[PDB]
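Q: One structure is given below, represented as structure tokens, and several questions about it will come after.
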Amino acid sequence: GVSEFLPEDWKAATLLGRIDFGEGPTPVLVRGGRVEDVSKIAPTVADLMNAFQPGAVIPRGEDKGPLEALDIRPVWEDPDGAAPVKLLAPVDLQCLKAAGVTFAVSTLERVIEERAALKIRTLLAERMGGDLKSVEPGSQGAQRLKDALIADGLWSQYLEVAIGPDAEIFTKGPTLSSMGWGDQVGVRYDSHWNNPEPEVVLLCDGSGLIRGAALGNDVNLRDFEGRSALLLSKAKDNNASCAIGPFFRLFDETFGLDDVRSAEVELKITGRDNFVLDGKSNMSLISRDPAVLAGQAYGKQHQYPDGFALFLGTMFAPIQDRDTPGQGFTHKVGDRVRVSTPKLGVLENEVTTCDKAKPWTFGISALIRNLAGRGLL
Amino acid sequence: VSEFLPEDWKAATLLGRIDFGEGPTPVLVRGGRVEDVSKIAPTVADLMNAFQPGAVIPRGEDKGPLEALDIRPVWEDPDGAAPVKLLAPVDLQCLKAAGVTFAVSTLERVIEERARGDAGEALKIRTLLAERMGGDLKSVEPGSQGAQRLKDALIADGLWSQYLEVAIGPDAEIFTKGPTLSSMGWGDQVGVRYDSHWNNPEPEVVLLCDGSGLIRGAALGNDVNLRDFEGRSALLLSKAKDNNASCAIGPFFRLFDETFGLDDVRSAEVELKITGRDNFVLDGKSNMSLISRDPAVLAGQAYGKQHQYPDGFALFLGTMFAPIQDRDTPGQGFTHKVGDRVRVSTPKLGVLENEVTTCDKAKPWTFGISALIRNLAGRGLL
Ligand SMILES: CC(C)CC(=O)C(=O)O
Ligand SMILES: [Mg+2]
Ligand SMILES: [Mg+2]
């Protein structure tokens, strides 16, 4: 049932991804509902995006047939990889970047209620020259709001990246390490409070231009980050802690950045203990425009010659109790996490611990050897 | 030339990358002579994964004495007229770094945090903090039960900080310094962001590890650092550390053998020298024995059952300097100016020397993974 995780209009869409048909990772385009092996046009997705800039026609690759006819299976139904065809993460050589704390109104309010409320929002809004829900990060209004927050003793390093001029942008994981649709993702076995983060992921080419978008799960360990923000990397970057997919949807007549900007991202978590968590949260509340976030990651002071993928952040808060009252959500082995939006489909993974997930073994040199052996270089 | 190589470099085994005119080439320097080992393995990462530690690497193609090669630093060859160019000695490795592994750095991190990145507040905060702490941080082993009891004391003192958690708690601070293939090497320009007004070099020793997590050798490093970004918010760590040309490793990795081992890394005296167009001079020394966690312990936290690195990784071990010498205004401390020359040196590894400019004036990073792949393929090396 490969159709259940594609966008409802996928046959009218342009998808860009990676599939192993049995010889190794192959960049594919899906157009008219049919898969095209484009490896002879460009041997990687990063190379394809660099070879064909926006507005250029991408030629046809070799026909692999209707995507729904490929026997693709997820790990929880095919634990041993018996399937003849394996869908992969749609990234290969791109750097994996991630923004965080991009929904500021959420952050601000959560601090005002931790203190309580209606009375605190008066002064902050009057000093800002405006309602908090209109906060513009990096503005002069945000600057006066910062100084008012400092004067109240409510300021924090998190509000700095919420409303200051610089967004929080970090490296989510090493190149070639992402999980894809239908893979296991890993939380550290020594983390006790962790959660998914349902996100939209931008595809950017080697010229810093936004080409398309996919779904992402930024697997997150709250107990590490909460002990120290200097453990951010350890909270975000472990074996199988990144999932992107199922495909990147490229911008065309049917789909553009404006569709990303108004995308409703849904999250569902299902456990064997019969725990269920559901929730939806709209990209229109993001406090920094996706094109602005791309322009902070890429510019005169940082380039990315193979391109980069960019997680745009989330406003989902893992506060729903599971077993321990007041301590919020945490994963258990075998949880199924679905991240979905209508124009991009469904990214679904199974949760295990980083030591039980398959280790990351296929790195840059493994790809090079594989592509060399197939005559694709 | 010999000015930037180990004292005993002709007796050492050095591993690095040189562009002779056709693209990046993994080289070994033995007996003072350069070997092109590209036909043995096409990258440094591949070479470390093909030969385990202790295994003798067979001889490559002789390229003559190293001192006979016309290698020139950017401050003497701005347009790159030299026929040969020395590169960073990493290629496919992930660039990993440890933080606050020396007490002098830990204190300056708490200072810039409480200053919220404002250099004009550092003197006042340093005067308070340096006396109340100091003699405290190195009084415990990080991650021990003792360290947990010191944490409870400092919390009661009102002195606790998220930086002390990674300085003495069970988890070291490890982060990604920059993207694969983005490092600068000896003789390159490094970059501080043009919008940073409180910044510094960070001399460090850099380990080379293979794809099995084994420590293989060591180089020198400059982890160019923006204090005003990181002090404003620790969530800006990546932006404080990872910008165009903000990473320098070199001149070569020295591989472990009978002339050099991890024990030499553990006792290495490291020297920092900064010189500017304004005739500012800083010169200082510190020793690796002051590190709070053994280098093998740090590599063991970076690599294990919960994070692999199939192409290997480089690991900055943490800076042992935090420059606070006043440059222009009494009490205002240090920051870089364009044209600064930064020398990191220790006798067993040589000299890593770079010229500082702003990230936007440094040449952009254009040679990434695809460029390397295409270059190697065109040379028949795959
Ligand atoms: C938090 C980091 C700035 C600390 C660091 O890089 C170091 O101490 O070497
Ligand atoms: Mg995020
Ligand atoms: Mg450092």
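Labels for the structure tokens follow display order: chains A, B, ..., residues from 1 in each chain, ligands from 1.
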Report as JSON lines: every residue of chain B with an atom at most 7 Å from ligand 3, its closest pair of atoms, and their distance in Å to one decimal, counting only C-alpha atoms and all ligand atoms, with rows sorted by chain and ascending residue number.
A:
{"residue": "B:97", "atom": "CA", "partner": "ligand 3", "partner_atom_place_in_ligand_line": "1 (Mg)", "distance": 6.7}
{"residue": "B:98", "atom": "CA", "partner": "ligand 3", "partner_atom_place_in_ligand_line": "1 (Mg)", "distance": 6.3}
{"residue": "B:99", "atom": "CA", "partner": "ligand 3", "partner_atom_place_in_ligand_line": "1 (Mg)", "distance": 5.0}
{"residue": "B:100", "atom": "CA", "partner": "ligand 3", "partner_atom_place_in_ligand_line": "1 (Mg)", "distance": 7.0}
{"residue": "B:202", "atom": "CA", "partner": "ligand 3", "partner_atom_place_in_ligand_line": "1 (Mg)", "distance": 6.0}
{"residue": "B:223", "atom": "CA", "partner": "ligand 3", "partner_atom_place_in_ligand_line": "1 (Mg)", "distance": 5.7}
{"residue": "B:318", "atom": "CA", "partner": "ligand 3", "partner_atom_place_in_ligand_line": "1 (Mg)", "distance": 4.5}
{"residue": "B:319", "atom": "CA", "partner": "ligand 3", "partner_atom_place_in_ligand_line": "1 (Mg)", "distance": 4.9}
Q: Keeping only N, CA, C and O atoms, write those residues as an mmCIF file, in the first residue's frame.
A:
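Produced file selection_31.cif, reproduced below:
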data_model
loop_
_atom_site.group_PDB
_atom_site.id
_atom_site.type_symbol
_atom_site.label_atom_id
_atom_site.label_comp_id
_atom_site.auth_asym_id
_atom_site.auth_seq_id
_atom_site.Cartn_x
_atom_site.Cartn_y
_atom_site.Cartn_z
ATOM 1 N N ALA B 97 33.998 18.452 17.506
ATOM 2 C CA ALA B 97 34.760 19.237 18.477
ATOM 3 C C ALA B 97 34.227 19.038 19.887
ATOM 4 O O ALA B 97 33.014 18.948 20.091
ATOM 5 N N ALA B 98 35.132 19.005 20.863
ATOM 6 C CA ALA B 98 34.744 19.020 22.266
ATOM 7 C C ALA B 98 34.840 20.440 22.815
ATOM 8 O O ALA B 98 35.637 21.251 22.339
ATOM 9 N N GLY B 99 34.014 20.746 23.820
ATOM 10 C CA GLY B 99 34.042 22.037 24.465
ATOM 11 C C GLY B 99 34.320 21.938 25.960
ATOM 12 O O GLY B 99 34.157 20.884 26.583
ATOM 13 N N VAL B 100 34.723 23.084 26.527
ATOM 14 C CA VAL B 100 35.043 23.303 27.940
ATOM 15 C C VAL B 100 35.737 22.102 28.579
ATOM 16 O O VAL B 100 35.334 21.626 29.645
ATOM 17 N N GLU B 202 41.089 29.662 18.839
ATOM 18 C CA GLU B 202 41.083 28.624 19.866
ATOM 19 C C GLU B 202 42.068 27.549 19.436
ATOM 20 O O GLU B 202 41.713 26.617 18.700
ATOM 21 N N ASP B 223 39.987 26.572 16.185
ATOM 22 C CA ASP B 223 38.523 26.612 16.220
ATOM 23 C C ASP B 223 38.109 28.078 16.367
ATOM 24 O O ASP B 223 37.867 28.582 17.468
ATOM 25 N N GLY B 318 39.353 20.617 22.414
ATOM 26 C CA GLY B 318 39.011 21.720 23.311
ATOM 27 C C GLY B 318 40.168 22.699 23.458
ATOM 28 O O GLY B 318 41.335 22.302 23.544
ATOM 29 N N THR B 319 39.855 23.990 23.503
ATOM 30 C CA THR B 319 40.940 24.963 23.539
ATOM 31 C C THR B 319 41.510 25.114 24.942
ATOM 32 O O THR B 319 40.795 25.022 25.947
#
Q: How close does chain A get to ligand 2? List, as a tab-separated table, each residue of chain A within 9 Å, its nearest atom pair and the distance in Å to one decimal, counting only C-alpha atoms and all ligand atoms.
A:
residue	atom	partner	partner_atom_place_in_ligand_line	distance
A:98	CA	ligand 2	1 (Mg)	6.0
A:99	CA	ligand 2	1 (Mg)	5.6
A:100	CA	ligand 2	1 (Mg)	4.4
A:101	CA	ligand 2	1 (Mg)	7.1
A:102	CA	ligand 2	1 (Mg)	8.3
A:169	CA	ligand 2	1 (Mg)	8.9
A:172	CA	ligand 2	1 (Mg)	8.8
A:197	CA	ligand 2	1 (Mg)	6.3
A:198	CA	ligand 2	1 (Mg)	8.2
A:199	CA	ligand 2	1 (Mg)	7.2
A:217	CA	ligand 2	1 (Mg)	8.4
A:218	CA	ligand 2	1 (Mg)	5.7
A:219	CA	ligand 2	1 (Mg)	8.4
A:220	CA	ligand 2	1 (Mg)	8.1
A:236	CA	ligand 2	1 (Mg)	8.7
A:311	CA	ligand 2	1 (Mg)	6.4
A:312	CA	ligand 2	1 (Mg)	6.7
A:313	CA	ligand 2	1 (Mg)	3.9
A:314	CA	ligand 2	1 (Mg)	5.7
A:315	CA	ligand 2	1 (Mg)	8.8
Q: Using only C-alpha atoms, which residues sit within 6 Å of stretch 159-165 of chain A once same-chain residues fewer than 6 positions away are excluded, as an MDAnalysis selection string?
A: chainID A and resid 101 104 137:138 142
Q: Give me every strand (DSSP E) residue in stretch 31-201 of chain A, going by DSSP on the backbone, as a PyMOL selection string.
A: chain A and resi 31+34-37+62-66+86-88+95-100+168-173+184-187+194-195+198-201
Q: Which residues are close to stretch 59-72 of chain A, i.e. within 6 Å by only C-alpha atoms, leaving aside same-chain residues fewer than 3 positions away? Reply as a VMD selection string.
A: chain A and resid 2 33 to 38 85 to 86
Q: Convert the current residue selection to file output with C-alpha atoms, as a JSON list (two decimals), in the first residue's frame.
A:
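Output (result_37.json):
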[["chain", "number", "residue", "atom", "x", "y", "z"],
["A", 2, "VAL", "CA", 2.49, 2.60, -1.20],
["A", 33, "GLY", "CA", 2.68, 8.71, -11.26],
["A", 34, "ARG", "CA", 5.63, 6.89, -12.87],
["A", 35, "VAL", "CA", 9.12, 6.52, -11.44],
["A", 36, "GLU", "CA", 12.11, 7.69, -13.49],
["A", 37, "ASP", "CA", 15.63, 6.43, -12.79],
["A", 38, "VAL", "CA", 17.60, 9.63, -13.46],
["A", 85, "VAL", "CA", 12.79, -2.41, -3.57],
["A", 86, "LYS", "CA", 13.72, -0.07, -0.73]]
Q: Find the residues near stretch 351-365 of chain B: any atom within 6 Å, counting only C-alpha atoms, skip ones fewer than 3 places away on the same chain, and give them as an mmCIF file with N, CA and C atoms, in the first residue's frame.
A:
data_model
loop_
_atom_site.group_PDB
_atom_site.id
_atom_site.type_symbol
_atom_site.label_atom_id
_atom_site.label_comp_id
_atom_site.auth_asym_id
_atom_site.auth_seq_id
_atom_site.Cartn_x
_atom_site.Cartn_y
_atom_site.Cartn_z
ATOM 1 N N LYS A 300 26.622 35.229 2.184
ATOM 2 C CA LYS A 300 28.033 35.585 2.058
ATOM 3 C C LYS A 300 28.918 34.885 3.090
ATOM 4 N N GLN A 301 28.353 34.398 4.195
ATOM 5 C CA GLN A 301 29.176 33.899 5.290
ATOM 6 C C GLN A 301 29.039 32.400 5.515
ATOM 7 N N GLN A 303 28.441 28.913 2.644
ATOM 8 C CA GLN A 303 27.946 28.300 1.417
ATOM 9 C C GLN A 303 27.748 26.800 1.643
ATOM 10 N N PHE B 4 57.361 25.140 9.433
ATOM 11 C CA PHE B 4 56.086 24.777 10.038
ATOM 12 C C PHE B 4 55.946 23.274 10.290
ATOM 13 N N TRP B 186 46.912 24.682 6.899
ATOM 14 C CA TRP B 186 48.033 25.605 7.051
ATOM 15 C C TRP B 186 48.088 26.588 5.889
ATOM 16 N N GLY B 187 48.398 27.849 6.203
ATOM 17 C CA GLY B 187 48.642 28.854 5.190
ATOM 18 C C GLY B 187 47.404 29.432 4.543
ATOM 19 N N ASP B 188 46.218 29.043 4.991
ATOM 20 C CA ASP B 188 44.961 29.569 4.479
ATOM 21 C C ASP B 188 44.482 30.774 5.285
ATOM 22 N N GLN B 189 43.546 31.512 4.696
ATOM 23 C CA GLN B 189 42.778 32.480 5.456
ATOM 24 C C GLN B 189 41.679 31.787 6.241
ATOM 25 N N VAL B 190 41.470 32.233 7.482
ATOM 26 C CA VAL B 190 40.316 31.810 8.266
ATOM 27 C C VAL B 190 39.383 33.008 8.405
ATOM 28 N N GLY B 191 38.115 32.728 8.712
ATOM 29 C CA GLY B 191 37.155 33.819 8.767
ATOM 30 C C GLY B 191 36.418 34.007 10.078
ATOM 31 N N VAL B 192 36.367 35.251 10.582
ATOM 32 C CA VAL B 192 35.417 35.639 11.618
ATOM 33 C C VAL B 192 34.265 36.369 10.937
ATOM 34 N N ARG B 193 33.036 36.117 11.382
ATOM 35 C CA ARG B 193 31.892 36.818 10.806
ATOM 36 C C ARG B 193 32.093 38.331 10.863
ATOM 37 N N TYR B 194 31.655 39.026 9.813
ATOM 38 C CA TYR B 194 31.851 40.469 9.802
ATOM 39 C C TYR B 194 30.965 41.159 10.828
ATOM 40 N N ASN B 244 31.859 30.333 7.014
ATOM 41 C CA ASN B 244 32.826 30.135 5.939
ATOM 42 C C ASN B 244 34.250 30.316 6.460
ATOM 43 N N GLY B 250 45.766 21.357 10.705
ATOM 44 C CA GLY B 250 47.006 21.106 9.961
ATOM 45 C C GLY B 250 48.248 21.246 10.803
ATOM 46 N N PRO B 251 49.455 21.349 10.192
ATOM 47 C CA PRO B 251 49.641 21.223 8.740
ATOM 48 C C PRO B 251 49.395 19.817 8.192
ATOM 49 N N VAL B 338 41.146 42.302 10.775
ATOM 50 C CA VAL B 338 41.543 41.747 9.487
ATOM 51 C C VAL B 338 43.049 41.866 9.341
ATOM 52 N N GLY B 339 43.679 40.802 8.886
ATOM 53 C CA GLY B 339 45.115 40.777 8.731
ATOM 54 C C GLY B 339 45.857 40.103 9.867
ATOM 55 N N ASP B 340 45.176 39.798 10.974
ATOM 56 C CA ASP B 340 45.815 39.093 12.078
ATOM 57 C C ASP B 340 46.427 37.792 11.579
ATOM 58 N N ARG B 341 47.580 37.438 12.142
ATOM 59 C CA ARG B 341 48.235 36.162 11.882
ATOM 60 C C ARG B 341 48.256 35.358 13.172
ATOM 61 N N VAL B 342 47.752 34.126 13.109
ATOM 62 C CA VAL B 342 47.581 33.279 14.283
ATOM 63 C C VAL B 342 48.434 32.031 14.112
ATOM 64 N N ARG B 343 49.351 31.793 15.050
ATOM 65 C CA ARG B 343 50.242 30.638 15.000
ATOM 66 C C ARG B 343 49.957 29.727 16.182
ATOM 67 N N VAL B 344 49.620 28.474 15.887
ATOM 68 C CA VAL B 344 49.450 27.415 16.875
ATOM 69 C C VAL B 344 50.587 26.428 16.673
ATOM 70 N N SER B 345 51.309 26.101 17.745
ATOM 71 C CA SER B 345 52.473 25.249 17.555
ATOM 72 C C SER B 345 52.735 24.362 18.767
#
Q: Using only C-alpha atoms and all ligand atoms, which protein or nucleic acid residues are at most 10 Å from ligand 1, as a ChimeraX atom specification?
A: /A:229-231 /B:97-110,112-113,162-164,166-167,173-175,177,202-204,223-227,230-231,234,237-238,240-241,316-322
Q: Can you pull out the residues contacting stretch 3-15 of chain A? Cut-off 6 Å, using only C-alpha atoms, and skip same-chain residues under 3 positions away; I want them as a list in words.
A: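 Those residues are residues 29, 30, 31, 32, 33, 247, 248, 249, 250, 342, 343, 344, 345 and 346 of chain A.
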Q: For chain B, which residue out of A:207, A:365, A:349, A:194 is the nearest one, using only C-alpha atoms?
A: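 Closest candidate: A:365.
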Q: Tell me, as a list in words, which residues lie within 8 Å of stretch 123-129 of chain B, counting only C-alpha atoms; anything in the same chain fewer than 4 positions away does not count.
A: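 Close residues of stretch 123-129 of chain B: residues 107, 108, 111, 114, 115, 133, 331 and 332 of chain B.
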Q: May I have the selected residues written with N, CA and C atoms, as an mmCIF file, in the first residue's frame?
A:
data_model
loop_
_atom_site.group_PDB
_atom_site.id
_atom_site.type_symbol
_atom_site.label_atom_id
_atom_site.label_comp_id
_atom_site.auth_asym_id
_atom_site.auth_seq_id
_atom_site.Cartn_x
_atom_site.Cartn_y
_atom_site.Cartn_z
ATOM 1 N N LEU B 107 35.682 28.993 32.498
ATOM 2 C CA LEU B 107 35.421 30.269 33.158
ATOM 3 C C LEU B 107 35.024 31.341 32.149
ATOM 4 N N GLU B 108 35.718 31.416 31.011
ATOM 5 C CA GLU B 108 35.377 32.479 30.071
ATOM 6 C C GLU B 108 34.025 32.231 29.404
ATOM 7 N N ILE B 111 31.535 33.580 31.867
ATOM 8 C CA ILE B 111 31.627 35.037 31.832
ATOM 9 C C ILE B 111 30.824 35.599 30.663
ATOM 10 N N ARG B 114 27.009 35.255 31.224
ATOM 11 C CA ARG B 114 26.424 36.242 32.123
ATOM 12 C C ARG B 114 26.499 37.633 31.527
ATOM 13 N N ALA B 115 27.476 37.876 30.653
ATOM 14 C CA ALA B 115 27.569 39.144 29.940
ATOM 15 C C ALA B 115 26.587 39.245 28.783
ATOM 16 N N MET B 133 35.202 30.949 42.152
ATOM 17 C CA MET B 133 35.564 29.664 41.583
ATOM 18 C C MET B 133 37.074 29.623 41.379
ATOM 19 N N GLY B 331 40.671 46.891 29.918
ATOM 20 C CA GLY B 331 39.537 46.162 30.436
ATOM 21 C C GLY B 331 38.614 45.582 29.387
ATOM 22 N N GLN B 332 38.817 45.903 28.112
ATOM 23 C CA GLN B 332 37.930 45.441 27.051
ATOM 24 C C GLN B 332 38.386 44.127 26.418
#
Q: By how many Å are atom CA of residue B:55 and atom CA of residue B:27 apart?
A: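 We find that atom CA of residue B:55 and atom CA of residue B:27 lie 16.8 Å from each other.
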Q: Apply DSSP to the backbone of this structure and, from stretch 133-350 of chain A, keep only the residues in alpha helix (DSSP H); write these as a tab-separated table (two decimals) with N, CA, C and O atoms, in the first residue's frame.
A:
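Heads up, here's the output in states_10.tsv:
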chain	number	residue	atom	x	y	z
A	140	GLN	N	13.20	46.39	15.86
A	140	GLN	CA	13.42	47.26	17.01
A	140	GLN	C	12.39	46.98	18.10
A	140	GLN	O	12.71	47.09	19.29
A	141	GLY	N	11.18	46.60	17.71
A	141	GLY	CA	10.19	46.19	18.70
A	141	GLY	C	10.65	45.00	19.52
A	141	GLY	O	10.51	44.99	20.75
A	142	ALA	N	11.22	43.99	18.86
A	142	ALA	CA	11.74	42.84	19.58
A	142	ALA	C	12.87	43.25	20.53
A	142	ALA	O	12.98	42.71	21.64
A	143	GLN	N	13.69	44.21	20.11
A	143	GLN	CA	14.76	44.70	20.96
A	143	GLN	C	14.22	45.32	22.25
A	143	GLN	O	14.73	45.07	23.34
A	144	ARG	N	13.19	46.17	22.14
A	144	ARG	CA	12.60	46.74	23.35
A	144	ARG	C	11.88	45.68	24.17
A	144	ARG	O	11.83	45.78	25.40
A	145	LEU	N	11.32	44.66	23.52
A	145	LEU	CA	10.70	43.58	24.27
A	145	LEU	C	11.74	42.78	25.04
A	145	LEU	O	11.53	42.43	26.21
A	146	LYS	N	12.89	42.50	24.41
A	146	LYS	CA	14.00	41.86	25.11
A	146	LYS	C	14.40	42.63	26.36
A	146	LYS	O	14.56	42.05	27.44
A	147	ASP	N	14.59	43.95	26.23
A	147	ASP	CA	15.01	44.76	27.37
A	147	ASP	C	13.94	44.77	28.46
A	147	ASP	O	14.27	44.84	29.65
A	148	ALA	N	12.66	44.73	28.07
A	148	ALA	CA	11.61	44.65	29.08
A	148	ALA	C	11.61	43.28	29.74
A	148	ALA	O	11.36	43.17	30.95
A	149	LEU	N	11.90	42.23	28.98
A	149	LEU	CA	11.97	40.89	29.56
A	149	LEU	C	13.14	40.77	30.52
A	149	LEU	O	13.01	40.17	31.60
A	150	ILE	N	14.29	41.34	30.15
A	150	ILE	CA	15.46	41.35	31.03
A	150	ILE	C	15.13	42.08	32.32
A	150	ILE	O	15.51	41.64	33.42
A	151	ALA	N	14.42	43.21	32.21
A	151	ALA	CA	14.04	43.98	33.39
A	151	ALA	C	13.08	43.23	34.29
A	151	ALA	O	13.01	43.50	35.50
A	152	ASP	N	12.31	42.29	33.74
A	152	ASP	CA	11.40	41.48	34.54
A	152	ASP	C	12.05	40.20	35.05
A	152	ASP	O	11.42	39.49	35.85
A	157	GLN	N	18.06	32.41	27.10
A	157	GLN	CA	18.75	32.15	25.85
A	157	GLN	C	17.79	31.65	24.78
A	157	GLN	O	18.11	31.74	23.58
A	158	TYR	N	16.65	31.11	25.17
A	158	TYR	CA	15.68	30.63	24.19
A	158	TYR	C	14.90	31.79	23.57
A	158	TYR	O	14.62	31.78	22.36
A	159	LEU	N	14.56	32.80	24.36
A	159	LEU	CA	13.90	33.96	23.79
A	159	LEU	C	14.86	34.76	22.90
A	159	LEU	O	14.43	35.43	21.96
A	160	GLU	N	16.17	34.68	23.16
A	160	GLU	CA	17.13	35.32	22.27
A	160	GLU	C	17.00	34.79	20.84
A	160	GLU	O	16.96	35.58	19.89
A	161	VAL	N	16.91	33.46	20.67
A	161	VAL	CA	16.76	32.93	19.31
A	161	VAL	C	15.32	32.94	18.85
A	161	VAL	O	15.06	32.79	17.65
A	162	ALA	N	14.36	33.17	19.74
A	162	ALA	CA	12.98	33.35	19.31
A	162	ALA	C	12.76	34.72	18.66
A	162	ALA	O	12.09	34.81	17.63
A	163	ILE	N	13.27	35.79	19.26
A	163	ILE	CA	12.93	37.14	18.81
A	163	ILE	C	14.14	37.97	18.42
A	163	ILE	O	13.97	39.10	17.94
A	222	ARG	N	14.66	15.71	25.28
A	222	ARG	CA	14.48	16.88	26.15
A	222	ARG	C	15.37	16.82	27.38
A	222	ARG	O	15.80	17.87	27.87
A	223	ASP	N	15.64	15.63	27.92
A	223	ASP	CA	16.39	15.60	29.18
A	223	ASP	C	17.85	15.97	28.97
A	223	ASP	O	18.48	16.52	29.89
A	224	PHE	N	18.41	15.72	27.79
A	224	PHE	CA	19.75	16.21	27.50
A	224	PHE	C	19.76	17.72	27.31
A	224	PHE	O	20.51	18.44	27.99
A	225	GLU	N	18.91	18.24	26.42
A	225	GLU	CA	18.91	19.67	26.18
A	225	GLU	C	18.56	20.45	27.44
A	225	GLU	O	19.10	21.54	27.66
A	226	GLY	N	17.68	19.90	28.28
A	226	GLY	CA	17.27	20.59	29.50
A	226	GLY	C	18.34	20.66	30.57
A	226	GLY	O	18.34	21.58	31.39
A	227	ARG	N	19.25	19.68	30.60
A	227	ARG	CA	20.38	19.77	31.52
A	227	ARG	C	21.37	20.85	31.10
A	227	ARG	O	22.04	21.44	31.96
A	232	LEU	N	22.77	20.39	23.12
A	232	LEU	CA	21.87	20.41	21.97
A	232	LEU	C	22.27	19.36	20.94
A	232	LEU	O	21.44	18.55	20.50
A	233	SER	N	23.54	19.36	20.55
A	233	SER	CA	24.00	18.39	19.56
A	233	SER	C	23.74	16.95	20.01
A	233	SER	O	23.22	16.13	19.25
A	234	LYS	N	24.07	16.63	21.26
A	234	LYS	CA	23.78	15.30	21.77
A	234	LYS	C	22.27	15.03	21.90
A	234	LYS	O	21.85	13.86	21.88
A	235	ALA	N	21.44	16.07	22.03
A	235	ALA	CA	19.99	15.88	22.07
A	235	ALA	C	19.40	15.63	20.68
A	235	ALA	O	18.29	15.10	20.58
A	236	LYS	N	20.11	16.01	19.62
A	236	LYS	CA	19.58	16.02	18.27
A	236	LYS	C	20.27	15.05	17.32
A	236	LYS	O	19.65	14.65	16.32
A	257	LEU	N	6.24	27.53	-2.74
A	257	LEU	CA	6.61	27.86	-1.36
A	257	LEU	C	5.42	28.40	-0.58
A	257	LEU	O	5.34	28.19	0.63
A	258	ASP	N	4.47	29.05	-1.26
A	258	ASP	CA	3.27	29.52	-0.57
A	258	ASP	C	2.45	28.37	-0.01
A	258	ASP	O	1.76	28.53	1.01
A	259	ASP	N	2.50	27.20	-0.65
A	259	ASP	CA	1.82	26.04	-0.07
A	259	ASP	C	2.53	25.55	1.18
A	259	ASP	O	1.88	25.08	2.12
A	260	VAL	N	3.86	25.66	1.22
A	260	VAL	CA	4.58	25.33	2.45
A	260	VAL	C	4.19	26.29	3.56
A	260	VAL	O	3.93	25.87	4.70
A	261	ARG	N	4.12	27.58	3.25
A	261	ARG	CA	3.89	28.62	4.25
A	261	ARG	C	2.56	28.45	4.98
A	261	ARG	O	2.43	28.91	6.13
A	290	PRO	N	10.11	30.94	5.75
A	290	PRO	CA	11.05	29.91	5.27
A	290	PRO	C	12.12	30.44	4.34
A	290	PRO	O	13.27	29.99	4.43
A	291	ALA	N	11.79	31.39	3.45
A	291	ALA	CA	12.84	31.95	2.60
A	291	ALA	C	13.84	32.76	3.43
A	291	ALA	O	15.04	32.80	3.11
A	292	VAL	N	13.38	33.39	4.51
A	292	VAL	CA	14.28	34.13	5.39
A	292	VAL	C	15.20	33.17	6.14
A	292	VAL	O	16.41	33.42	6.28
A	293	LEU	N	14.66	32.05	6.63
A	293	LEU	CA	15.50	31.06	7.31
A	293	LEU	C	16.55	30.48	6.36
A	293	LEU	O	17.71	30.30	6.75
A	294	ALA	N	16.16	30.18	5.12
A	294	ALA	CA	17.15	29.71	4.15
A	294	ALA	C	18.24	30.75	3.96
A	294	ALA	O	19.42	30.41	3.86
A	295	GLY	N	17.86	32.03	3.92
A	295	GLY	CA	18.82	33.10	3.71
A	295	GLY	C	19.68	33.38	4.92
A	295	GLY	O	20.70	34.06	4.80
A	296	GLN	N	19.29	32.87	6.09
A	296	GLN	CA	20.19	32.95	7.24
A	296	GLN	C	21.17	31.79	7.24
A	296	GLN	O	22.32	31.98	7.66
A	297	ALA	N	20.76	30.61	6.75
A	297	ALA	CA	21.69	29.49	6.68
A	297	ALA	C	22.71	29.67	5.56
A	297	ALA	O	23.84	29.20	5.68
Q: Between atom CA of residue B:346 and atom CA of residue B:269, measure the distance and give it in Å to one decimal.
A: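 Separation of atom CA of residue B:346 and atom CA of residue B:269: 5.9 Å.
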Q: Quick one: distance from atom CA of residue A:167 to atom CA of residue A:136 in Å, one decimal?
A: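 Between these atoms lies a distance of 12.0 Å.
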Q: Using only C-alpha atoms, find the one residue out of A:323, A:23, A:166, A:350 that sits nearest to chain B.
A: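 Smallest distance to chain B is found for A:166.
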Q: Quick one: of B:78, B:179, B:53, B:31, who's nearest to chain A, counting only C-alpha atoms?
A: B:179
